[PDB]
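Analysis of the macromolecular model
Residues per chain are reported as follows:
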There are 2 protein chains.
Amino acid sequence: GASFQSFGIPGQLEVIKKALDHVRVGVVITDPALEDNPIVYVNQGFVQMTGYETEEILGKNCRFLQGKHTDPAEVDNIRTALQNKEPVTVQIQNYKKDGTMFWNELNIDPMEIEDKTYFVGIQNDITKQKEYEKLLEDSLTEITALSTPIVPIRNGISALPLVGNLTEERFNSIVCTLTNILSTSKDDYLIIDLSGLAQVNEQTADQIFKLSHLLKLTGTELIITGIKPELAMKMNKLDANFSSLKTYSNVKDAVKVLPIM
Amino acid sequence: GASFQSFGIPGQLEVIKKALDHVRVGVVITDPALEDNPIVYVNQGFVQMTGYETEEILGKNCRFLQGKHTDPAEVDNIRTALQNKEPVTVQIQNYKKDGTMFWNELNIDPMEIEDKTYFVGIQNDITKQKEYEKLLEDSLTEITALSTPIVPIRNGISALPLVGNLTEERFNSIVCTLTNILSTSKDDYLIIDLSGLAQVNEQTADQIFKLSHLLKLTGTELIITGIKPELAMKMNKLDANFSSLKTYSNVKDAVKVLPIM
Ligand SMILES: Cc1cc2nc3c(=O)[nH]c(=O)nc-3n(C[C@H](O)[C@H](O)[C@H](O)COP(=O)(O)O)c2cc1C
Ligand SMILES: Cc1cc2nc3c(=O)[nH]c(=O)nc-3n(C[C@H](O)[C@H](O)[C@H](O)COP(=O)(O)O)c2cc1C
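Residues numbered from 1 in each chain as written, not as in the entry; some residues may be left out. Chains lettered and ligands numbered in written order. Heavy atoms only, no water.

Its PDB header names solution NMR as the technique used to obtain the model.

Description of the overall build of chain A
Helices and strands together make up the secondary structure of chain A, namely 10 helices and 9 strands. Relative to the compact-globule value of 18 Å for 261 residues, chain A shows a C-alpha radius of gyration of 30 Å, a clear excess of over 25%. When its C-alpha atoms are laid out on the principal axes, chain A stretches across 100 × 35 × 35 Å. Taking all 261 residues of chain A together, 30% fall into the buried category. Expressed as a percentage of contacts within chain A between residues at least 6 apart in sequence, the contacts between residues at least 24 apart total 47%. About 17700 Å² of surface is accessible on chain A, with carbon and sulfur atoms providing 56% of the total. (Helix = DSSP H or I, 4+ residues; strand = E, 2+ residues; numbered from the N terminus. Rg over C-alpha atoms; globule rule 2.2 N^0.38 Å. Buried < 20%, exposed > 50% of the residue type's maximum accessible area, 1.4 Å probe, protein only. Contact = heavy atoms within 4.5 Å. Areas by Shrake-Rupley, 256 points an atom, 1.4 Å probe, with all protein chains shown as cover.)

Regarding the site of ligand 1
Residue and element names in this part refer to chain A. If you check the shell around ligand 1, you find 13 residues, and the closest are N61, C62, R63, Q66 and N94. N61 places a polar side-chain atom, nitrogen or oxygen, 2.4 Å from an oxygen atom of ligand 1. Relative to its free-state accessible area of 610 Å², ligand 1 is covered by the protein chains to the extent of 77%. Contributions of two or more residues to the shell around ligand 1 are made by β3 (88-95), β4 (101-108) and β5 (119-125). Per-element accounting of the shell around ligand 1 gives the leading share, 3 residues, to β5. Of the residues contributing to the shell around ligand 1, the split by class is 5 nonpolar, 7 polar and 1 charged. (Near = heavy atom within 4 Å. Polar contact = N/O pair within 3.5 Å; in protein donor to acceptor, adjacent residues only side chain to side chain. Nonpolar A, V, L, I, M, F, W, Y, C, P; charged D, E, K, R; others polar.)

Digging into the site of ligand 2
All names here are of chain B. Looking at ligand 2, there are 13 residues lining it, with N61, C62, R63, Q66 and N94 nearest. Contact distances for ligand 2 include 2.4 Å between an oxygen atom and a side-chain N or O atom of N61. Between ligand 2 and the protein, one listed contact pairs an oxygen atom with a side-chain N or O atom of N104 at 3.4 Å. Coverage of ligand 2 by the protein amounts to 77% of the 610 Å² it exposes when considered alone. The element best represented in the shell around ligand 2 is strand β6 (residues 116-125), accounting for 3 residues. Residue classes in the shell around ligand 2 are distributed as 5 nonpolar, 7 polar and 1 charged.

What to know about the interface of chain B and chain A
At the junction of the two partners, chain B supplies 33 residues and chain A supplies 32 residues. Of the roughly 3300 Å² buried between chain B and chain A on both sides combined, carbon and sulfur atoms contribute 71%. The three residues of chain B that bury the most area against chain A are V15, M111 and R154 of chain B, which together make up 17% of that side's buried surface. Our enumeration of links across chain B and chain A arrives at 0 salt bridges. Summed over the shared surface of chain B and chain A, the result is 5 residue pairs in polar contact. (Buried area = accessible area lost by both parts, 1.4 Å probe. Salt bridge = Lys/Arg side-chain N within 4 Å of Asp/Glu carboxyl O.)

See below:
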């Protein structure tokens, strides 16, 4: 904590800055001593990361970054932590000059120098990590269509059970599957298991109806199973036709009863 | 590029150093002017991250970290880049003082100052990201045992098809499934589809044989399907008994033919 051990020399200082400039990282220095704790230290890389000019950023708080996606709970945690003068690390959504939305990790830690406080903001981009997750998702997608098991039960009997919570993102795969069903028109009976699926959405019912109509024209009976009794009662009120389509408490039970003669 | 704009003051310098110390990040400064470009600038956090003392690091090249897991190709790329005085980013496995292996991302970028060259080494830990992938893998594991579908074909007939490339890690789930199969001893016929699997390993054939023996005692016929004709010819040479087990070209074909009276 001296000019001896610290090691002055302005040449050393220039080196440290260039290194920071080479890699885009958001580190800034604020001064509580000045009004509203304004930001004094800013690197060039900051501008490229936020897309904001250095002149605008200096003299103003990173408040302008906050927008609709900004999580008030995180904001509140930060406010608490400064009052507690204790370090805090949180992730908070932020907006650029062009409105681009990106995630920005913020780490704040108090300093005690010359009996004076200090604040530092560190911003670490989560984008590289997001790209990694996206790569994984793409792999899952190719994998998901492939898993899409096919296994005819018998001759003219086919089944396509669904397991998991059907999200809107996942729904695209299903609509595409409609084209495949036309190819499988040969199978007279199709059995769909909804038992895997925890719950069934109302929008889903509309999909079931469209399929039965297309299937009826093509001459393919549709069977629905894994329907909860409570759900069926609700369905009856909506339309007497719902009861028209054979319903089995479970897949094993439908399969066992199916054959009889 | 001057003491004016740079902004001297040793107090500012101590501020920058503590902030680096608070968060463990491997940044070091080397001097090509001296012999063998020795490292002069090192932070305390470096020691905790590498588990090496500052006195031993300073004066020596990061070459000691390299070990068995070190990738020569990555080393050669670095050597090429320095000669080409162009920045290079690579990921290279390293070793600690206790022999703990970890991944170390290295970024090198040349600097031109006062008509002198300078080299900087940046190390970023991929441990956090590793933990994240591990969390994902745990989910997949719970999900994988759960996905393990169960769908009896009929009364007495059950099938458990395999899809995907059977790794050694994956093999643990299968051995565990052996216990479940005992519970399923009720089903007289068990059909296993190897068609989904791209290839079959010779070690696998040992597993099939053990299963048929246990199954035969319990009184449970075992049917293998999806076996490639080329593979069957190879199997015939190893043991006639291989033919002994019924083999179908496909699952659909075996299912259709199955019933006949
Ligand atoms: C050092 C420091 C850096 C900050 N950096 C960011 C930031 O990059 N992004 C963000 O959303 N909030 C950041 N904040 C929070 C805001 O700058 C500000 O402290 C908060 O919005 C409360 O200020 P206000 O009263 O003007 O809203 C930072 C806070 C401090 C103290
Ligand atoms: C600035 C700088 C930092 C380096 N840091 C590391 C490091 O942390 N880990 C690593 O495996 N290699 C690192 N290297 C590579 C070695 O330090 C060294 O350059 C390389 O092994 C060739 O040196 P040698 O001829 O002694 O093998 C670094 C190289 C430079 C130039």
